[PDB]
Amino acid sequence: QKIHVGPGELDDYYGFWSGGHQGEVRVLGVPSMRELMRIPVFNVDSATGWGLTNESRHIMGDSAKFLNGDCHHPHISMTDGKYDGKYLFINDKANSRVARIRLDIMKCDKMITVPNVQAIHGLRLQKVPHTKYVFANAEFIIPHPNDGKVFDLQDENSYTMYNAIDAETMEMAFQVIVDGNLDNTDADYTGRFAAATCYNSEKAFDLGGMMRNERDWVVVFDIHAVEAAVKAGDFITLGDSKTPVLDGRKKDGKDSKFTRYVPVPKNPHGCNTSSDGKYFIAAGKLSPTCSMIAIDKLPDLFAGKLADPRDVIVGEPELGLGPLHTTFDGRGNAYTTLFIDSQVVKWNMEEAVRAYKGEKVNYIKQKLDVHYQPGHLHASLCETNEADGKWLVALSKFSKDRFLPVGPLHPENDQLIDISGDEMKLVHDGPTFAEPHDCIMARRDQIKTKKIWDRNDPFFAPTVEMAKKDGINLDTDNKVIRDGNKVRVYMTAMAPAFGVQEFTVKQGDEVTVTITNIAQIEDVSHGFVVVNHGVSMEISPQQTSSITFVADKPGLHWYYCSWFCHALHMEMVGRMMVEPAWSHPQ
Amino acid sequence: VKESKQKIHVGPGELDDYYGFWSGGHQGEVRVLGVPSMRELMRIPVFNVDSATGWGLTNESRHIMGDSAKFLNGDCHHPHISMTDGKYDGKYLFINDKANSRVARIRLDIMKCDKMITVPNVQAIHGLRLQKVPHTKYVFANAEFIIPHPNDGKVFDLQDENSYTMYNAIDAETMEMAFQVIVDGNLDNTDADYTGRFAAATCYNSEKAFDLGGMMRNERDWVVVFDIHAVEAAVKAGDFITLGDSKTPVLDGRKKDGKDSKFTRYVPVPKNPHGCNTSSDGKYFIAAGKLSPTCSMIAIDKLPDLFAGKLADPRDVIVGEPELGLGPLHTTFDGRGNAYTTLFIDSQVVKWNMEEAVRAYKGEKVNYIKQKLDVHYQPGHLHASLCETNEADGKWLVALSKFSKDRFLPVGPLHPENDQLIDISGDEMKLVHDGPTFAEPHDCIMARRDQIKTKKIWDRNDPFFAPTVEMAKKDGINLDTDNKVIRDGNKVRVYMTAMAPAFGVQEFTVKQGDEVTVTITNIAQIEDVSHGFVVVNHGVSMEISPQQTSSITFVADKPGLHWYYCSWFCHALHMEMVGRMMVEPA
Ligand code: CUZ
Ligand code: CUZ
Ligand code: CUA
Ligand code: CUA
Ligand SMILES: [Ca+2]
Ligand SMILES: [Ca+2]
Ligand SMILES: [Cl-]
Ligand SMILES: [Cl-]
Ligand SMILES: [K+]
Ligand SMILES: [K+]
Ligand code: NA
Ligand code: NA
């Protein structure tokens, strides 16, 4: 398997890395492991202006006031259990959001703050018949309402919820109240079932409390039952949110129609659907095991045909210390990170099942040392029925001595491992910033990107509507619109000249600058920076972008094009002249 | 005969040979790479807001940024490492911000920005380089754009006698201004000699024009040479003025009725010259012709005669003007007598011999051009290892090219820069690696592994958080031991230690509207065991590495229970390293 990509060669896969607490999404080439692009999401990007521009702040909504995010879990939309390459979704644990990235323009195009919850952690997508729902875990138990009268996690109105978002509209679809809490989640290959791990069945807030129970569980959701209750109007709402809320808690030991709780040791973490659709596999973490839930026993479980929820468990292999996550080669082997033992363990799922029935058999095939303390791992196409068994990435949390010293803060070590054969082979150590937790790979032919924007793209359609009210034709006009103490500058941009090279305003005016890059070539980006005003944005071919700032300083203020576009790029500049306040009405 | 055949593969467990410090371009950070692997080992936030470490959110970072903490953007170009006796000493890295007119200093032992200055009475810090000999006493910085003085909105005319820009000298060690020199025209790039007496800067806008045609009118602009000794003498004698409310000594380096200043000489050089690079043998200031297909070589040892009025014509210090190709922008050196220049139009690196160019300028028929290597595409800066020092080792060359086109997988309308690693150890340049990068790093600098020495854990006396230690002292707090909540009206100052896997303060209660400061001291002594702190749905995030104290301030504006958690995976029980803020309603 080609390991190195030389000058002029292309990578064979796209990799989409979470940015962790840095808040962006990163696009890598695999197997070179080089970063090809950064996609700002919850971070503020000085380069493109994401978080500064009107278009990006419109997408972020009120959450544009936050300059931080914490993302863990990127996933690609699917149709019939295969990537369709339309969208990538990712969580924000810090400010309780889900974001959608359009993979044709490689930008976040939608973002939602999940109502009535704290901390969106686990996230994964419906596989079949396609990604109708984005499933997302809120990790922390809170009071409802959370108005400061009740703080007790044991109150009957303290709980967290499972969250389903409509992938296409990026509006909430429903929420399910659960017992305990929620960690990671995955979905089956039928559309009926989803599952999530819980580690705080104790509803405690201290370390010892959260470890009290020998088993927590994975909670299984019957989405068909949830949808049926929603259509029937059998739901409630919380606070000011219209999201249908269904109650998936037990009451007096009796199960709800929406959930079943399978006892699983212990503070389990990863929750991974095998690529043959057979199992939800939960990583035992504090228990040295994984628990294998037979998806084809779930209908019987929900129909009272089983005596004990544990009856849906058909394997519980002992693997090593600190199992966190599992992935799949598509040849019937699973791969699990051992955080404490600092290894990846390769094991055969069907032999673990046979061992659980007492048939003594060694289901462990190999243990590979990684460096060090691995969290997530990802095999190429593992989340689809096309799992190809070629590449594996294990994302480790302590790199110690594997890279040059760079001070007290160390990079992470994401190691690329060749799994095309019987023996796992460590091939590359990839240092990364800010703790990517998880990543996802896609074949090159599964991603189709645009090189020039469409003029009707929804990303800036609101800006086009604003332009229309001013009588502006964005493709041709270079005009300064005045409206009280607001100034709206509309210009075209074409290397190496701004279409409006100077304009004059009053001190204190609120200035919006809208720029349309009227170029037709590829890779001809322009920028716009106003010196000493904290103003910066990108405009790529056929894109319209805009930004708003207050001209709070009298005098002459230069603006310039930031994106090197030309031999005369140093010279693509303009001037904003600000008349002093003492010369205008006080 | 000697071949170019260095290894570029750095396998698992092997370490890079050099550090690379890349500018973050319009994204605003500095990036630490390993060379020759070209992998990114660390990101150092400077002018960007970093969600991961909290740079731009924490009190320590906003203290360093001062009032400029209000800006969320920067635009970097030119990273340089401090020198002693013309060799890198590994103490500091400096970098410019063109967007908000700043210079930042990075401490290379902790890999953090530790000082920042907004340069007074200028717009757009672009060109930047360090004094070499006897050490980096001054940071020299170009303000690119001509502005009115004062810039109070009375005069906008850039031809006015009080419209100009200035050359800036910052005291490298105190990061206070040392002096400014008014110049004719504008300033592009700058470098310094190997004695401390002279510095020089290219000027592309000798015309003081605002339009593209106006800026290209003069057949020749110049490089302006500064007699720094003469500037220092005048400051010591008190022969200076000050501008506005800045105490910075200001010297007038303009020509007056054709009469030269004591501080400057203007050497005519074609055309809109751009790069300004000092050869590693200290013989030449080499100015790249850009619009002229040449480089101009200024003999540094003729400059004393120039300033003494011993030379008939300022062109007499020009001793070479090789013709190289289309669009020469920047030059670097292998220490063997060759220069390497980027040809932006021809899209090449041209290797040429400086002493042979000097002889050609006298009329000898000698071919000084050795090789032209195609690069991909449109190179700007380039950098050979240790080129800025008398130890230039002739091993590696990076050319930083602005259009990557088809050299990487497509990733939408925006494309990465192509930073290409070239083996120059032998007679033939050899292209060995294409490195995609984000946001146009413009330039980079390399250092031997043994020139950089970093701390593995923080010193408790570190100036970086000394103001926080002082705050703690005023509250009677011992940061190494204490877990306490101080109440001060509507202000709450929480102080806690942190150790995997538990915050030293796991709950605290405040009043809605209180201003909360959380100060955390990581009392681990194990390398690489960093913790984080995130307050859910409050926009609060920061890093605390071993023995560091970090603090962050936010308003508790939402009643109810609000979770905080450790963002840095630190322990098998990382998910459970959490606490609760309880906010009582008003
Ligand atoms: Cu958020 S957890 Cu194992 Cu996913 Cu990192
Ligand atoms: Cu700022 S310019 Cu040729 Cu240096 Cu990039
Ligand atoms: Cu437009 Cu550089
Ligand atoms: Cu401290 Cu994770
Ligand atoms: Ca538990
Ligand atoms: Ca000129
Ligand atoms: Cl998982
Ligand atoms: Cl230069
Ligand atoms: K780490
Ligand atoms: K570019
Ligand atoms: Na939205
Ligand atoms: Na300062």
# chains A, B, ... in the order shown; residues from 1 in each chain; ligands from 1

call {"tool": "residues_around", "arguments": {"residues": "residue 449 of chain B", "least_positions_apart": "2", "cutoff": "9 Å", "atoms": "only C-alpha atoms", "output": "mmCIF file with C-alpha atoms, in the first residue's frame"}}
result
data_model
loop_
_atom_site.group_PDB
_atom_site.id
_atom_site.type_symbol
_atom_site.label_atom_id
_atom_site.label_comp_id
_atom_site.auth_asym_id
_atom_site.auth_seq_id
_atom_site.Cartn_x
_atom_site.Cartn_y
_atom_site.Cartn_z
ATOM 1 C CA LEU A 404 10.762 17.489 18.952
ATOM 2 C CA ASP B 16 13.215 16.010 12.890
ATOM 3 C CA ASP B 17 16.583 17.757 12.461
ATOM 4 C CA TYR B 18 15.410 21.365 12.392
ATOM 5 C CA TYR B 19 12.627 23.485 13.813
ATOM 6 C CA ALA B 447 16.745 26.612 13.249
ATOM 7 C CA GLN B 451 19.606 26.026 18.705
ATOM 8 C CA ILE B 452 16.230 25.750 20.516
ATOM 9 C CA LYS B 453 15.908 24.782 24.195
#

call {"tool": "select_by_dssp", "arguments": {"residues": "segment 174-388 of chain B", "states": "strand (DSSP E)", "output": "VMD selection string"}}
result
chain B and resid 177 to 183 190 to 192 198 to 203 221 to 227 250 to 252 264 to 269 276 to 278 284 to 288 295 to 299 318 to 320 328 to 333 338 to 343 348 to 353 369 to 374 379 to 384

call {"tool": "residues_around", "arguments": {"residues": "residue 490 of chain B", "least_positions_apart": "3", "cutoff": "9 Å", "atoms": "only C-alpha atoms", "output": "PyMOL selection string"}}
result
chain B and resi 487+510-511+513-516

call {"tool": "residues_near_ligand", "arguments": {"ligand": "ligand 11", "cutoff": "12 Å", "atoms": "only C-alpha atoms and all ligand atoms", "output": "NGL selection string"}}
result
:A and (56-64 or 97-100 or 108-115 or 165-172)

call {"tool": "write_last_selection", "arguments": {"atoms": "N, CA, C and O atoms", "output": "JSON list (two decimals), in the first residue's frame"}}
result
[["chain", "number", "residue", "atom", "x", "y", "z"],
["A", 56, "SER", "N", -21.26, 34.73, 8.17],
["A", 56, "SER", "CA", -20.96, 33.71, 9.17],
["A", 56, "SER", "C", -21.72, 33.98, 10.45],
["A", 56, "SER", "O", -22.25, 33.05, 11.09],
["A", 57, "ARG", "N", -21.81, 35.26, 10.86],
["A", 57, "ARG", "CA", -22.55, 35.54, 12.10],
["A", 57, "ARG", "C", -24.04, 35.23, 11.95],
["A", 57, "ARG", "O", -24.67, 34.77, 12.91],
["A", 58, "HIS", "N", -24.61, 35.42, 10.75],
["A", 58, "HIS", "CA", -25.98, 34.99, 10.48],
["A", 58, "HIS", "C", -26.14, 33.49, 10.70],
["A", 58, "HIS", "O", -27.14, 33.04, 11.27],
["A", 59, "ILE", "N", -25.18, 32.68, 10.23],
["A", 59, "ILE", "CA", -25.27, 31.23, 10.39],
["A", 59, "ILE", "C", -25.14, 30.84, 11.86],
["A", 59, "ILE", "O", -25.85, 29.95, 12.35],
["A", 60, "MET", "N", -24.23, 31.49, 12.59],
["A", 60, "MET", "CA", -24.04, 31.21, 14.01],
["A", 60, "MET", "C", -25.18, 31.74, 14.87],
["A", 60, "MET", "O", -25.35, 31.27, 16.01],
["A", 61, "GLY", "N", -25.98, 32.68, 14.37],
["A", 61, "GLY", "CA", -27.05, 33.17, 15.23],
["A", 61, "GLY", "C", -26.51, 33.86, 16.47],
["A", 61, "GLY", "O", -25.41, 34.43, 16.48],
["A", 62, "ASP", "N", -27.30, 33.80, 17.55],
["A", 62, "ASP", "CA", -26.89, 34.45, 18.80],
["A", 62, "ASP", "C", -25.58, 33.87, 19.33],
["A", 62, "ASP", "O", -24.81, 34.58, 19.98],
["A", 63, "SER", "N", -25.30, 32.59, 19.04],
["A", 63, "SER", "CA", -24.03, 32.01, 19.51],
["A", 63, "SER", "C", -22.79, 32.64, 18.86],
["A", 63, "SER", "O", -21.67, 32.25, 19.22],
["A", 64, "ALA", "N", -22.95, 33.59, 17.92],
["A", 64, "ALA", "CA", -21.79, 34.31, 17.39],
["A", 64, "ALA", "C", -21.07, 35.13, 18.46],
["A", 64, "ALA", "O", -19.98, 35.66, 18.20],
["A", 97, "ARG", "N", -23.80, 22.93, 20.81],
["A", 97, "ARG", "CA", -24.25, 23.15, 19.45],
["A", 97, "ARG", "C", -23.98, 21.93, 18.58],
["A", 97, "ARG", "O", -23.17, 21.06, 18.92],
["A", 98, "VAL", "N", -24.68, 21.91, 17.44],
["A", 98, "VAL", "CA", -24.39, 21.03, 16.32],
["A", 98, "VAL", "C", -24.19, 21.92, 15.10],
["A", 98, "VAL", "O", -24.93, 22.89, 14.91],
["A", 99, "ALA", "N", -23.17, 21.60, 14.28],
["A", 99, "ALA", "CA", -22.89, 22.36, 13.07],
["A", 99, "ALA", "C", -22.93, 21.44, 11.87],
["A", 99, "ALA", "O", -22.58, 20.26, 11.97],
["A", 100, "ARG", "N", -23.37, 21.99, 10.75],
["A", 100, "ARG", "CA", -23.35, 21.32, 9.45],
["A", 100, "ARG", "C", -22.37, 22.01, 8.52],
["A", 100, "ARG", "O", -22.38, 23.25, 8.42],
["A", 108, "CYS", "N", -18.96, 25.61, 6.94],
["A", 108, "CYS", "CA", -20.14, 25.49, 7.78],
["A", 108, "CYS", "C", -21.25, 26.34, 7.19],
["A", 108, "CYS", "O", -21.08, 27.55, 6.99],
["A", 109, "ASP", "N", -22.39, 25.72, 6.91],
["A", 109, "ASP", "CA", -23.52, 26.46, 6.34],
["A", 109, "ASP", "C", -24.73, 26.53, 7.28],
["A", 109, "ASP", "O", -25.65, 27.31, 7.00],
["A", 110, "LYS", "N", -24.73, 25.80, 8.40],
["A", 110, "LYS", "CA", -25.84, 25.78, 9.34],
["A", 110, "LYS", "C", -25.32, 25.43, 10.73],
["A", 110, "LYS", "O", -24.35, 24.65, 10.89],
["A", 111, "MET", "N", -25.95, 26.00, 11.75],
["A", 111, "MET", "CA", -25.54, 25.77, 13.12],
["A", 111, "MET", "C", -26.76, 25.94, 14.00],
["A", 111, "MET", "O", -27.60, 26.81, 13.73],
["A", 112, "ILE", "N", -26.87, 25.11, 15.04],
["A", 112, "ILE", "CA", -28.04, 25.15, 15.93],
["A", 112, "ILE", "C", -27.53, 25.00, 17.36],
["A", 112, "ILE", "O", -26.63, 24.20, 17.64],
["A", 113, "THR", "N", -28.08, 25.81, 18.26],
["A", 113, "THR", "CA", -27.88, 25.58, 19.69],
["A", 113, "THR", "C", -29.00, 24.66, 20.17],
["A", 113, "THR", "O", -30.18, 24.98, 20.00],
["A", 114, "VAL", "N", -28.64, 23.51, 20.71],
["A", 114, "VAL", "CA", -29.64, 22.53, 21.11],
["A", 114, "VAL", "C", -30.35, 23.04, 22.36],
["A", 114, "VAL", "O", -29.68, 23.31, 23.37],
["A", 115, "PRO", "N", -31.67, 23.20, 22.34],
["A", 115, "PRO", "CA", -32.36, 23.82, 23.47],
["A", 115, "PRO", "C", -32.44, 22.91, 24.68],
["A", 115, "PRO", "O", -32.51, 21.68, 24.57],
["A", 165, "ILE", "N", -31.78, 15.84, 15.42],
["A", 165, "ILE", "CA", -31.86, 17.01, 14.57],
["A", 165, "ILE", "C", -32.17, 16.55, 13.15],
["A", 165, "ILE", "O", -31.61, 15.55, 12.68],
["A", 166, "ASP", "N", -33.05, 17.28, 12.46],
["A", 166, "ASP", "CA", -33.32, 17.04, 11.04],
["A", 166, "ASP", "C", -32.10, 17.47, 10.23],
["A", 166, "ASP", "O", -31.76, 18.65, 10.18],
["A", 167, "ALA", "N", -31.43, 16.50, 9.60],
["A", 167, "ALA", "CA", -30.17, 16.80, 8.91],
["A", 167, "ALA", "C", -30.36, 17.87, 7.83],
["A", 167, "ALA", "O", -29.48, 18.73, 7.64],
["A", 168, "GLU", "N", -31.48, 17.83, 7.10],
["A", 168, "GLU", "CA", -31.65, 18.73, 5.96],
["A", 168, "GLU", "C", -32.07, 20.13, 6.39],
["A", 168, "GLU", "O", -31.61, 21.12, 5.81],
["A", 169, "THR", "N", -32.95, 20.24, 7.38],
["A", 169, "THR", "CA", -33.38, 21.57, 7.80],
["A", 169, "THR", "C", -32.52, 22.15, 8.90],
["A", 169, "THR", "O", -32.56, 23.37, 9.12],
["A", 170, "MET", "N", -31.74, 21.32, 9.59],
["A", 170, "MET", "CA", -30.95, 21.73, 10.76],
["A", 170, "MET", "C", -31.83, 22.42, 11.80],
["A", 170, "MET", "O", -31.39, 23.35, 12.49],
["A", 171, "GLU", "N", -33.07, 21.95, 11.92],
["A", 171, "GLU", "CA", -33.96, 22.24, 13.04],
["A", 171, "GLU", "C", -34.13, 20.99, 13.89],
["A", 171, "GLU", "O", -34.03, 19.87, 13.39],
["A", 172, "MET", "N", -34.40, 21.19, 15.19],
["A", 172, "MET", "CA", -34.68, 20.08, 16.09],
["A", 172, "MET", "C", -35.83, 19.24, 15.56],
["A", 172, "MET", "O", -36.82, 19.77, 15.05]]

call {"tool": "residues_near_ligand", "arguments": {"ligand": "ligand 10", "cutoff": "9 Å", "atoms": "only C-alpha atoms and all ligand atoms", "output": "PDB file with C-alpha atoms, in the first residue's frame"}}
result
ATOM      1  CA  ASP A 523      -7.761  29.912  -6.969  1.00  0.00           C
ATOM      2  CA  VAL A 524      -8.038  33.692  -7.476  1.00  0.00           C
ATOM      3  CA  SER A 525      -9.064  34.719  -3.947  1.00  0.00           C
ATOM      4  CA  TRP A 563      -4.850  37.213  -0.141  1.00  0.00           C
ATOM      5  CA  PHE A 564      -1.747  37.137  -2.373  1.00  0.00           C
ATOM      6  CA  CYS A 565      -3.383  37.310  -5.802  1.00  0.00           C
TER       7      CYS A 565
ATOM      8  CA  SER B 401       4.260  29.437  -3.509  1.00  0.00           C
ATOM      9  CA  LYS B 402       0.931  31.188  -3.683  1.00  0.00           C
ATOM     10  CA  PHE B 403      -1.080  29.066  -6.166  1.00  0.00           C
ATOM     11  CA  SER B 404      -1.195  25.334  -5.527  1.00  0.00           C
ATOM     12  CA  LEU B 414     -10.230  28.223  -1.361  1.00  0.00           C
ATOM     13  CA  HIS B 415      -6.845  26.536  -2.008  1.00  0.00           C
ATOM     14  CA  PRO B 416      -3.797  25.875   0.250  1.00  0.00           C
ATOM     15  CA  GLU B 417      -0.406  27.508  -0.237  1.00  0.00           C
ATOM     16  CA  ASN B 418       2.300  25.124  -1.541  1.00  0.00           C
ATOM     17  CA  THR B 437      -0.546  25.222   4.273  1.00  0.00           C
ATOM     18  CA  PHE B 438      -3.450  27.430   5.365  1.00  0.00           C
ATOM     19  CA  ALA B 439      -3.940  31.172   5.058  1.00  0.00           C
ATOM     20  CA  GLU B 440      -0.729  31.984   3.157  1.00  0.00           C
TER      21      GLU B 440
END

call {"tool": "closest_residue", "arguments": {"among": "A:274, A:556, A:498, A:546", "to": "ligand 3", "atoms": "only C-alpha atoms and all ligand atoms"}}
result
A:498

call {"tool": "residues_around", "arguments": {"residues": "residue 253 of chain A", "least_positions_apart": "6", "cutoff": "12 Å", "atoms": "only C-alpha atoms", "output": "list in words"}}
result
residues 179, 260 and 261 of chain A

call {"tool": "closest_residue", "arguments": {"among": "A:446, A:380, A:432, A:154", "to": "chain B", "atoms": "only C-alpha atoms"}}
result
A:432

call {"tool": "closest_residue", "arguments": {"among": "A:264, A:119, A:3, A:138", "to": "chain B", "atoms": "only C-alpha atoms"}}
result
A:119
